[PDB]
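As a starting point, one isolated chain is supplied in structure tokens, in the form deposited in one PDB entry.
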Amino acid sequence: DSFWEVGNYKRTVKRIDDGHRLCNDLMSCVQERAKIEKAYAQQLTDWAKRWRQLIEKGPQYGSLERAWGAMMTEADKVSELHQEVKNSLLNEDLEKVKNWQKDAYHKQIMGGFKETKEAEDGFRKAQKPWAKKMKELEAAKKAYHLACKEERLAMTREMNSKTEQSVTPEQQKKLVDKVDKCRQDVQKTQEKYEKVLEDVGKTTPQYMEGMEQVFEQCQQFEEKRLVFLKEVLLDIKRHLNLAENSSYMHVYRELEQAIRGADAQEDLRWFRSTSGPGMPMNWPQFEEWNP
């Protein structure tokens, strides 16, 4: 199953098609993740809107009302941050992959791709003379062996031509003439087989150089891809990670400050003055007769 056997360069060529398919998959992968980020964010938004309305119009009041209110703003801020992840995934990373793919893989009539075609033809071309020589080698080999077999038979007849009932002088001469015909053919076919072998030996460096050049062109093209995708994977790491800058942290700094700011006594004193003993009052006094 060696690369060096006729045909087995295909594996390298399939890699070029696979590269394209891998870009698609990666784009689909980040798109689906963007979707998941958008869902989470919208649900945080809904909750925020829902509970900000229920807290406002509900009986909670004062600084504790606002403290509880502060939860809805963290949800909005966290929603916003996950919408930014979504935006980055789609607008930067996905697009970066989409565009690299466009400049790297050019479709033919009739696909698949020119890049796969080039490599195919390259490998075919580099291997054509070799392949032909290998067929000739195989023909010369069997030819040689068919001579070696026929000689062993012609000889095997000489063994039992000595001790067999009917053996005339005419055939005993023709039998010896036969083995010399075989021997001369074993030689003729051995020379041709040896000659093809020699040709195969002289051709081999060029066969190798040619294939190794096409292969290296494939290796280089794959490298552009592996280097690009590693960079894209870093882009995605950084866009997924909300700890990449301090905005995420500040969301919770602010939340905690709003909560700690809430004061029970302040709220109490407010209720006192607006609904309690702290309210002013017109105390009874003498009222004269009207009008």
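Take the two forms, find the largest set of C-alpha atoms that superpose within 1.5 Å, and that set is the rigid core. The numbering used is simple: start at 1 and walk along the sequence shown.
- Stretches compared: 181-189, 201-209. Higher mean C-alpha B-factor in the entry: 181-189.
- Judged by mean Cα B factor in the deposited record, 240-248 ranks above the other of 40-48 and 240-248.
- Listed residues 87, 171, 79, 219 were ranked by CA B-factor as deposited; 171 comes out on top.
- Of the candidates 75, 214, 155, 196, the PDB record gives 155 the highest C-alpha temperature factor.
- Among the modelled residues of its chain, residue 95 has a C-alpha B-factor that falls in the middle third, as given in the PDB entry.
- Annotation for residue 60: CA B-factor lies in the highest third of the chain's modelled residues.
- Looking at the C-alpha B-factors along this chain, the one for residue 13 belongs to the lowest third.
- When the CA B factors of the chain's modelled residues are split into thirds, the value for residue 29 lands in the middle one.
- Ranked against the other modelled residues of its chain, the C-alpha B-factor of residue 147 as given in the entry falls in the highest third.
The discussion below concerns the form deposited with a partner chain bound, not included here.
- Contact check for residue 112: a non-hydrogen atom falls within 4.5 Å of the partner chain in the deposited bound form.
- Only one of 167, 146, 197, 131 has its C-alpha shifted by 2 Å or more between this form and the one not shown once the core is superposed, and that residue is 167.
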